Amino acid sequence: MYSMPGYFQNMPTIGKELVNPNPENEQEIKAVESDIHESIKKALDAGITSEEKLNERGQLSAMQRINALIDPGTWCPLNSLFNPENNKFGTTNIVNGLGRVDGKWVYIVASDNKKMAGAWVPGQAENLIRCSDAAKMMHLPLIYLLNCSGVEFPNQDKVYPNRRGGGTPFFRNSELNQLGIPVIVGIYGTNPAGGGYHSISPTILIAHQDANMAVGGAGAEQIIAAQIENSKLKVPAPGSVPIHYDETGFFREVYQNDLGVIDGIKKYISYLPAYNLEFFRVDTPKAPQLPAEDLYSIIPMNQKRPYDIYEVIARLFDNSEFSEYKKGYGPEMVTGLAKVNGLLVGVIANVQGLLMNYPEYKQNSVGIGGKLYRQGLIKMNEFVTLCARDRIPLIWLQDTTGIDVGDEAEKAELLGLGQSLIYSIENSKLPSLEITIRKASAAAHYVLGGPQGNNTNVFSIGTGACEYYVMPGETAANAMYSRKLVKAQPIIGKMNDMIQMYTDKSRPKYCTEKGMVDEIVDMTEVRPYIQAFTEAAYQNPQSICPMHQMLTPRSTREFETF
Amino acid sequence: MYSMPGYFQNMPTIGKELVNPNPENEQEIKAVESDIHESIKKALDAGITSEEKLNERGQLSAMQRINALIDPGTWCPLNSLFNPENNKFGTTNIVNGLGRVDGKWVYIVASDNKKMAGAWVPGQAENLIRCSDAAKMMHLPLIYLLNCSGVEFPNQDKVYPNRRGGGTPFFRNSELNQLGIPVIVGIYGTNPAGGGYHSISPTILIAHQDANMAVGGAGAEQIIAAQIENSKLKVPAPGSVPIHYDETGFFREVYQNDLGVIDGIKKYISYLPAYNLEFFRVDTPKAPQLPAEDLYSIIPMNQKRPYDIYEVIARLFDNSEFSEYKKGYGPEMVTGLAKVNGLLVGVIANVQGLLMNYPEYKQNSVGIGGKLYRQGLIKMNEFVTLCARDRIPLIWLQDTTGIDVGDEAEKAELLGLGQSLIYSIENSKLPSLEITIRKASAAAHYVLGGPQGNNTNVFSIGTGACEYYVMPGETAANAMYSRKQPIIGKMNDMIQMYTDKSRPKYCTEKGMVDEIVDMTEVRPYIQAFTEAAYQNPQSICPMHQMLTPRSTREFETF
Amino acid sequence: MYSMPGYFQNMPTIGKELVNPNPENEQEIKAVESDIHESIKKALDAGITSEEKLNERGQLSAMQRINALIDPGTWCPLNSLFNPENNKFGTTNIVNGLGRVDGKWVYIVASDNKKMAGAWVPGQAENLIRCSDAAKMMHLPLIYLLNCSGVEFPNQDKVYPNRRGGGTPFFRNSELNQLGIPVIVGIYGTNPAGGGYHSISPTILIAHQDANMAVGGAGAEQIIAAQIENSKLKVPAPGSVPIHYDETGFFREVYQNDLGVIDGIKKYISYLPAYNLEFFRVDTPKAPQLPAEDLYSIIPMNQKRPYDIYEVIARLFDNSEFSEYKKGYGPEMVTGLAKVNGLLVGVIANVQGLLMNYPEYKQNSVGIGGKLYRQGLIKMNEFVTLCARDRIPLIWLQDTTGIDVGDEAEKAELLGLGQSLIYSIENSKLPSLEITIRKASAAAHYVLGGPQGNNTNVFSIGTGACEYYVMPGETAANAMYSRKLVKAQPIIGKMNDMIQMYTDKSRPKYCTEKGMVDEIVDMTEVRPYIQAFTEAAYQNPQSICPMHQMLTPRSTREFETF
Ligand SMILES: C/C=C/C(=O)SCCNC(=O)CCNC(=O)[C@@H](O)C(C)(C)COP(=O)(O)OP(=O)(O)OC[C@H]1O[C@@H](n2cnc3c(N)ncnc32)[C@H](O)[C@@H]1OP(=O)(O)O
Ligand SMILES: C/C=C/C(=O)SCCNC(=O)CCNC(=O)[C@@H](O)C(C)(C)COP(=O)(O)OP(=O)(O)OC[C@H]1O[C@@H](n2cnc3c(N)ncnc32)[C@H](O)[C@@H]1OP(=O)(O)O
Ligand SMILES: C/C=C/C(=O)SCCNC(=O)CCNC(=O)[C@@H](O)C(C)(C)COP(=O)(O)OP(=O)(O)OC[C@H]1O[C@@H](n2cnc3c(N)ncnc32)[C@H](O)[C@@H]1OP(=O)(O)O
Ligand SMILES: [Cl-]
Ligand SMILES: [Cl-]
Ligand SMILES: [Cl-]
């Protein structure tokens, strides 16, 4: 039932059974993961109105609405801890990520109605753009579970104006619509002004019977007097159901309770165009042959230690199968085709450890795994270009310390080749996933399908072993202060300040808090995200290459045989 | 020598000669303007290495490089005071804006080498994106005068990572290239890592003979020892001319001094495709019939005072001519075609003052100028859609206090119609200029061709009479605290804080508006924008195939 | 003054000095060329009104207007002999091709006012579409020297209706405009209805003082009476200058005579955006090191004879330099980068002669040059894909007898690989030139950047040694009638009818008459056309790859060294 099994089935298998577990390493990784989960929990529960109080007066929390909406176990939260401005509640007042609904993947945004009635808080605008961007790049339906009181008044200057403030998503919703990507909103509670526009910008509007959307809402001693004297009229909240259902017909449908709204959304989701993924499969979905739990021993928290990348790839992709492009050329990178629930993806991943007698442009040299050289860069360039032609999404597994430096490296074209890769990625036009296994550092972070490719990277996730910095604090301390040491003790103070500050500001939690990485995910959650991404990417792709017309597999084969 | 003079020449003229100057108003506006210029000056001069010291060792400052590059008097700086993170030096370490080069408009980005050798500072990445974005939307060549030491080490966490950090411009440069928009870099001084990529991402590389671009540069007591012992070798800065000219050939050309580099850039700029603007003209360029200085009396700093928008439009556009679309329908807005150096633009501007017997969906009502109603919204929708079809760039003059509120307004479809306008703008696909005359407030700021339309708004500028807020502090204080003595404290805290954080300078510092420009600089920017937009447009509507003028005429006669 | 001389300058040189001329071969080719020129001459001079009579009453012929418009010696006519419907005059009543105007290449269409006042004749619509298509694909300004009386009344059914009839160009002109490509028209003489629309559809209208454009023009015994009684009024031809200049302002400018109109057009052409080609050069323009006249000896008219393709490539491209991609892999094809007036092009060309010990999927086999095999097809696929990424236009030199047949070939994926190439070409999105050196046959004609790629092939030209057929008449005779032999003299009659008919209908002149190839060009005109194409393609390209970000040269180098 599949094309070209000779190419796409029974690929080389990779990975060993884990013979030597590392409980202490596992304990270190799980400690990071636990801290993320506790922080996510503490953040979701924060706010003046609890889930309990919400339920008492007939409303569901953001997570209850999501869990009601999605197929159980398909929640891939993104930006859970995103809090670039340090809001007290620890979030941006939206919950967002990928969920599956009766088999259809959709991007989900839910207003956190526990916190200031879903108000726009600092950082929210940016958070929201990352949502509509992901949807845009994947051509994936965007679902708003809206309960939004608009601009948080004290912070208006940070949430109301500017190119990428609270007004932007409404343009982004129109762009999704114009690109042919539907937006569905469940309207809950009071949605004035900023909330109103969030209500009116989507394609389909499903309202709670008590909900409203409006250009403006109901919002010294006389001021208190006027309030009760203007409340005794029982004048209705502007733009309630009798207005936007009965008069304007802007609300297409109206339900009695939150779960009704969710059902309405489900119905409209069921209307949306989506391939049966079977159409794009080259194999029946198969689990990896090696357990993901091993990743807790395989990927070392001791950043000085290498590890075999193949052991990671064997645990993330179907059947631990892998079809490497140009094995032996560019030994610092692994580039090859794999399968995620039967679907083709291109994988690009750093190789760790020492590389004897390499790179070829240096005499008597040893290459450092995690670094990028001429062959690695050209190989990736070719591979990205091949995958682009073939409409094969790229998954980048980053663990990098940069492109090789020095005039020998410069003469090898390395700067040009790294940028050539950037060019290749931008030319690819396909949605891409970036997974930071450990190190995201140097310009290599950018060129390795980094999140700086705003047209291609849908989002990025990291494991608990991950860290982000320009370069290690010690290298940066030398780079920053060495010459000032020769100009002239307060300067060595500054150097230790720097080494410390680089450690502090490169910890997984901080990184995702600032959004350098969208989500820290458990080692056992990496594949689930890959699966969510790949299936979302193949749901309604905007371009097709028939398998028998794909070049990547052919060029791969030829490099093997010729 | 022009198509359809019956439509495009001798349009109705508008505006009166200013009979009653307002010296006190003028003084208030000019005070704001003076404070901007002084702040811009103080910011450009800040940094450890002065223009003087730069010149002594053979280098030009960012502004010297720009002024050498551009036709004199064509500098339209943007983001002069942009400093969202409050860097001490007051800037993002880049100077940027529109300049003209031998008649060709180009977007210019110059590294401020006065400050940490042009290092990436907090806010810079965002600043840079606004540059490549402007270029992208206008299909305008982007010029880098590069002197960039890469990531500022202490602030690496704010300048190195993330979707829109320092790595983003390199993708943006590839996108410009792939969209067919050339990037030209003059490479100066040391450009390692972050600087290297800024050097290598553009289309054309012109290098100073002492310059370098590299993946990585040269960058307890032993550390100082190793330095002098590693400096005695006189080992060359990685990726210098002998490497990137003589070996890789990545530097296409190499010059002896800064002005040589500038000449190289000029030569390559001269290679770039550009219409003679005469091609798109419907008239010979004419100054307005009324002086711009009048704007200092016309546009009131007293925000409670109205003014006649037509008096502004008469002073910004060629010959004070204006061809209004649907005059009398949607009286709260003026929408119509005008001319900027002979080129057609669509103008959309708020009308101020009371509007007797309006809106039509209310009994015995008076409409507030600066607000948006059913007819205004539909009219703008139609006008934007018409101009889009006709490939006519839109210039929005904002002075707004929002769309009308209340259930009567809701039944009039107002929410839907504001969003419909957002849809129309996004559908338009053309580059657009937004000018905040005074008030940028409410969702109206967004729908009136706001900078939130990231695919259409190239950038936005404001006059000294401008201010940005969700709503006035007093209205916000009621909205925030009404339902709730420490509470009246908070309300005055809010009214004050809204005043503080809505002043022109603050607004542009945060980048809510890209530049505060002098009243006499508004037209120059309009001229820069329009001419840049018509230089190499990606789409054409022949004048005789334009709908806007036809539909306009028909509304007048039928 | 150029990027990366190490890659782009001092490429390997190719080709030998011609030691053994072949005068008889030369004579055979030049005979074909002479017949083309005579036919083109006879066609241009045909019509009831001569150039002499035109000049007497103040008008220029199409060729006079073109020659006036263009830089001398830059005329590249296309479709000179295009006459699919066999019109008596031998043409489609338009003259078209590429001309250069003060350094700017433009596509030119001129109404043949010698023939029924520039009326729409059968085949014209198609001819016109090829013009707007070329302009569209190259993003090249389109110039109309219009003198058009609209639909030829007796042939209205063939020139007026249908998806690709006389109304289509007006839509095509709007599409060019919407794509950002300007159309300039010089309006001459009477242009009613069909002519009117041709006048009004362009961007810029320059009128002759006596010209008109109109929805409708002035057009038993009483009918003759009404004519003189309706002519005595001296009622002006509808839509003359007083109307379309003085009233509507549709004519932007008006000139006294034909050369004035041409000067108007020149002025507006001077307004058009165009790179100085220096911007895209990687070298200073250099002539080939070997003379093109040699082509008359090199390319054999005896179709059974091979020849060295390198000798052709050495004579068509700058300095006889060539940078071959994957030399030794896919030995049946040459694919590599070359220079045309300093500008990078990708060249793909058939290798002729026997290929010992090939293809690799057959035991004890000899490959036929001119045929396509696994490595050739994969190589081309890669090369096209590489050049697409790099924004390097492709020039295909076709001399082909098809992809290899048989189940061995089928197992080698040949069908899929040929179609993969079609996919690659369509993915390339760049303008492409196709030159038929000799044989355009089999599906190979299609996959080798054939004119069937309506989004990529701007047009196609052929030498006098060229010929087009599905397969040779003798092979086709067997294929058609062999089985009808076994089933059963009238059948061998039919076989000779076929062999003859295939010869007749595959001669260069017939081929271009039908438009299978757009123009038969002299051996010494091939490079000029390449030069016209390349410079037009680089004039205002819609996409750029910076040289230091180009992959083709890097991947080429690596295949050479690794
Ligand atoms: C261009 C766009 C501009 C804008 O968006 S302008 C902002 C317009 N927004 C409003 O008018 C909202 C006024 N709010 C209500 O009516 C809000 O009670 C509401 C009607 C929702 C919600 O009222 P509830 O009775 O349902 O109370 P909740 O538990 O859901 O939350 C209310 C609580 O959250 C906080 N809250 C709610 N909205 C905001 C905001 N916006 N900012 C800061 N804090 C907020 C505040 O502590 C509120 O207390 P009160 O003021 O006493 O009601
Ligand atoms: C992904 C990309 C990552 C990156 O970009 S990593 C950053 C790589 N950058 C470097 O290695 C630059 C090291 N700098 C030099 O060699 C720099 O002297 C330099 C070679 C330029 C410039 O040296 P000059 O001798 O020309 O001195 P300048 O007046 O131009 O400015 C130097 C001065 O500016 C400041 N400066 C310069 N660069 C930086 C930076 N980057 N951060 C903070 N502050 C800086 C600093 O006070 C410097 O003093 P010293 O350290 O004593 O030289
Ligand atoms: C959807 C679009 C539909 C259409 O285009 S409908 C066609 C509308 N066309 C007309 O009405 C053209 C009528 N022609 C004139 O007025 C034409 O004399 C004319 C005004 C040009 C040209 O008249 P001239 O006096 O300049 O004579 P010319 O030497 O340029 O050529 C005229 C000659 O060409 C021939 N001719 C010209 N036009 C046509 C056409 N169209 N078909 C066939 N043959 C034609 C014919 O033999 C003509 O002889 P007359 O009929 O005695 O004038
Ligand atoms: Cl790097
Ligand atoms: Cl509003
Ligand atoms: Cl074939």
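Per chain, numbering begins at 1; letters A, B, ... match sequence-line order. We use all heavy atoms of the structure for the numbers below, so side chains are in, but hydrogens, waters and symmetry mates are not.
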Looking only at heavy atoms and a cut-off of under 4.5 Å, which of A:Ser199, A:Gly473, A:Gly453 has the most pairs with chain B? A:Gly453

Run the side chain to side chain contact (heavy atoms under 4.5 Å, CB included) test on B:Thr248 and A:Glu410 for me, step by step, so that the C-alpha distance in whole Å, both residues' side-chain angles and the decisive distance to 0.1 Å come before the verdict. CA-CA 8 Å; B:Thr248 64; A:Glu410 294 299 329; 5.6 Å; no

Scored by heavy-atom pairs under 4.5 Å with chain A, the best of B:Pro169, B:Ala193, B:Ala214, B:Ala409 is B:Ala214

Of all heavy-atom pairs linking A:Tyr502 and B:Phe153, the shortest is OH-O, 2.6 Å

Side chain of B:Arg164, backbone of A:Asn454: donor and acceptor closer than 3.5 Å? no

So what's closer than 4.5 Å to chain A heavy atoms on B:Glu247: side chain, backbone, both or neither? side chain

Please check if the side chain of B:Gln156 supplies one atom and the backbone of A:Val470 the other of a donor-acceptor pair under 3.5 Å. yes

In this structure, OG of B:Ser420 is separated from CD1 of A:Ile200 (nearest 0.5 Å) by 7.5 Å

Candidate list A:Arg172, A:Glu175, A:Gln178, test side chain to side chain donor-acceptor pair (under 3.5 Å), partner B:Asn455, passing option: A:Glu175

A:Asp157 and side chain to side chain donor-acceptor pair (under 3.5 Å): which partner among B:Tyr469, B:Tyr468, B:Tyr506? B:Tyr506

Pick whichever of A:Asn173, A:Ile403, A:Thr456, A:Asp404 has the most heavy-atom pairs under 4.5 Å with chain B. A:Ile403

Which atom names give the shortest non-hydrogen contact between A:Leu415 and B:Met213, and what distance separates them? CD2-CG, 3.7 Å

What are the two closest heavy atoms between A:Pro161 and B:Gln452, and how far apart are they? C-NE2, 4.1 Å

Could you tell me whether a side-chain N or O of B:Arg163 sits under 3.5 Å from a main-chain N or O of A:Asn457, the two making a donor and an acceptor? yes

Given heavy-atom pairs under 4.5 angstrom as the criterion, report whether the side chain, backbone, both or neither of B:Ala440 touches chain A. backbone

Do you know which of B:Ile243, B:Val405, B:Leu414 has the most heavy-atom pairs with chain A at a distance under 4.5 angstrom? B:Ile243

For chain A, the option from B:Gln419, B:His445, B:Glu152, B:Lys490 that forms the most heavy-atom pairs under 4.5 Å: B:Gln419

Heaviest contributor of heavy-atom pairs below 4.5 Å to chain A, chosen from B:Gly416, B:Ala476, B:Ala444, is B:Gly416

Heavy-atom pairs under 4.5 Å with chain A, option from B:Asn177, B:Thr168, B:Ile422 with the top count: B:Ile422

B:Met494 and A:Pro154 have their tightest heavy-atom pair at CE-N, 3.5 Å

Looking at A:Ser441, A:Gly450, A:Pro84, which has the largest count of heavy-atom pairs under 4.5 Å with chain B? A:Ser441

Nearest heavy-atom pair of A:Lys514 and B:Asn162: which atoms, and what distance? O-ND2, 2.8 Å

Among A:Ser240, A:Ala442, A:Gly216, residue most engaged with chain B (heavy-atom pairs, under 4.5 Å): A:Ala442

Measure across B:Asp407 and A:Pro236 and return the closest heavy-atom pair with its distance rounded to 0.1 Å. OD2-CG, 4.2 Å

Largest heavy-atom contact set with chain A, pairs under 4.5 Å, which of B:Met471, B:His244, B:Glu126: B:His244

Counting heavy-atom pairs closer than 4.5 Å to chain B, which one of A:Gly150, A:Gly418, A:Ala125, A:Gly406 comes out on top? A:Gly418

Region of B:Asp246 that comes under 4.5 Å of a non-hydrogen atom in chain A: neither

Side chain, backbone, both or neither: which part of B:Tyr423 has an atom under 4.5 Å from a heavy atom of chain A? both

Once rounded to the nearest 0.5 Å, what's the spacing between atom NZ of B:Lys501 and atom NZ of A:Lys158? 5.5 Å

